[PDB]
Structure formats: C-alpha cells, structure tokens
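What follows is a single structure, written as structure tokens, with notes after it.
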Amino acid sequence: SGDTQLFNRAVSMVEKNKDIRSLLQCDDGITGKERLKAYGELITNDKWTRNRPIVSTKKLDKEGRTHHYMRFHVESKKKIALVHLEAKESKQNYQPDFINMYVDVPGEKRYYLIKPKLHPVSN
Numbered sequence: 103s104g105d106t107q108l109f110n111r112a113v114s115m116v117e118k119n120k121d122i123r124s125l126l127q128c129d130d131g132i133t134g135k136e137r138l139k140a141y142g143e144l145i146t147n148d149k150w151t152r153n154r155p156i157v158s159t160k161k162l163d164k165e166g167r168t169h170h171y172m173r174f175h176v177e178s179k180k181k182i183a184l185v186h187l188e189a190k191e192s193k194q195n196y197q198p199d200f201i202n203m204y205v206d207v208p209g210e211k212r213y214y215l216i217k218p219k220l221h222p223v224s225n
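Counting with the UniProt record's numbering, you get residues 103 to 225 for the letters of the sequence shown.
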C-alpha cells in the first residue's frame, strides 16, 4: 500500500488546494465543486497516449537514504496538471515526509505545494 497511500495523500492535497483548482479552471460553483479525475503519468509512443499505473521510483541520496519520486496527473474538464512528488521515509512518523511537491499546468507558473528545505538562494 506504499504507493497507493502516497498517491492518495498527494492527490488529496492537490484537489483541495484552492490555487490549484483555479489553475485547472475548475467548474466550481454554488451547485458544487467539479469532480476532478486523476491517473498515473501519461506516456505516448507518438501514436496514442495512455496513463501508466501509479507507482514511485526509488533513488539513493548521498547519505544512503532512499527517496521516492512519483508523478501523476489531475484533470479537469479544461486542463491537465502534472504533479511531481518526492518523499522519503520518516524516522519519526509512520507516513513518509514529503520533500518536494509541485504542479505543472500548461501556461501557468509551476506551483509548489511543498517547497524543499534546500531552496534556491533567490527564495
């Protein structure tokens, strides 16, 4: 359930974020909020596009600790966002720590839900 919980937790954060919903141009009104759709990373062979299963990939850092990277999409009737997540096992919590998380919507500035501790000097 590692990747499943990671994805459920992440997509839930994205969906509830007012700014992200605005970037996705959600049809949110007095009758209710648009029901967004989510799926794994979109891949193509240049013939047709499809979503890959939701999964994370692992990569070791300089301290010998494993980081998990996961990409998925959130789609509204008008836009598709690409969400990137980096997480790492927490030595204190059950759930892993979210290290970096951003959302890319075409034509919009990359939006960080979780800004890394290690940030550009021009923060």
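Every residue gets a Cβ at the ideal spot worked out from N, C-alpha and C, and that includes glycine.
**Member of 173, 150, 190 whose CA lies at the smallest distance from the CA of residue 166** = 190
**Limits of the unbroken alpha helix (DSSP H) element including residue 132** = Counting along the chain, residue 132 falls outside any alpha helix (DSSP H), and DSSP gives it neither H nor E.
**Message:** Quick check on this structure: which residue in 138, 109, 105 has the alpha carbon closest to the alpha carbon of residue 117?
**Reply:** With distances taken between Cα atoms, residue 117 lies closest to 138.
**Asked** Quick one, are the C-beta atoms of residue 173 and residue 143 less than 8 Å apart?
**Response** yes
**Asked** Mind pulling the beta strand (DSSP E) runs of 3 or more residues that sit fully within the stretch 110-186?
**Response** List check, beta strand (DSSP E) in window: 139-142, 144-146, 151-153, 158-162, 168-177.
**Request:** With distances taken Cα to Cα, identify the nearest neighbour of residue 176 among 193, 103, 124.
**Result:** 124
**Asked** Counting pairs of beta carbons, one from the stretch 204-216 and one from the stretch 176-186, are three or more of them closer than 8 Å?
**Response** yes
**Request:** May I ask you to list the residues that DSSP assigns as paired with residue 214?
**Result:** Beta-bridge pairing links residue 214 to 204.
**Request:** Output the distance between the C-alpha atoms of residue 168 and residue 132, rounded to the nearest integer angstrom.
**Result:** 45 Å
**Prompt:** Quick one: what's got a C-beta closer than 6 Å to residue 128's C-beta in the same chain, skipping five residues either side?
**Reply:** 136, 178
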